[PDB]
Amino acid sequence: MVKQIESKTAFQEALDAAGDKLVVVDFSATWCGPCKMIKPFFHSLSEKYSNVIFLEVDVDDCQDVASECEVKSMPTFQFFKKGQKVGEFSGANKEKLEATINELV
């Protein structure tokens, strides 16, 4: 249920294939503690919201994607519809993550 992204090609393809659907992107790093604390919850959301698309991008694997998306904070959650960014926040705030999904879906 979470799409593990390992190139720019794959990121762009995912935003395409989403169609109309909200896409939620978790930008993480392996050194990021809060990223680990929220990982299981992010995966829970992908099973709960089966009609929303969830992507995982490790910023060191996909540096071009990280750079082009202007990621600063670890973690960062960005939200897309039809390829357009429609939301963003940083930090591992579970309640805010779910609430944002419900606002944008």
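Heads up, the sequence shown is in PDB author numbering, so the first residue is 1 and it goes up one at a time. Positions of the beta carbon are idealized from the N, C-alpha and C atoms, including for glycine.
In terms of alpha-carbon separation, which member of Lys82, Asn51, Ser73 and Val105 lies closest to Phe11? Sequence index remark: in the sequence shown, residue 11 carries index 11 (1-based). Residue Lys82 is the option with its Cα nearest to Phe11.
Can you list, in chain order, the residues of its chain whose CB lies under 6 Å from that of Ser46, leaving out five sequence neighbours each side? What you label residue 46 is simply residue 46 of the sequence shown in a count that begins at 1. Correct list, in chain order: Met1, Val2 and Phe54.
So, using beta-carbon positions, are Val52 and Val105 closer together than 8 Å? To locate residue 52, count along the sequence shown from 1; it is residue 52. To locate residue 105, count along the sequence shown from 1; it is residue 105. Against a cut-off of 8 Å, the Cβ pair of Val105 and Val52 comes out as a contact.
Just grab the DSSP bridge partners of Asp20 for me. Here residue 20 corresponds to residue number 20 of the sequence shown, with the count starting at 1. Its beta-bridge partners do not exist; DSSP assigns none.
Counting along the chain, where does the alpha helix (DSSP H) carrying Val65 start and finish? Numbered from 1 along the sequence shown, position 65 holds the residue referred to as residue 65. Element bounds for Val65: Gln63 to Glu68.
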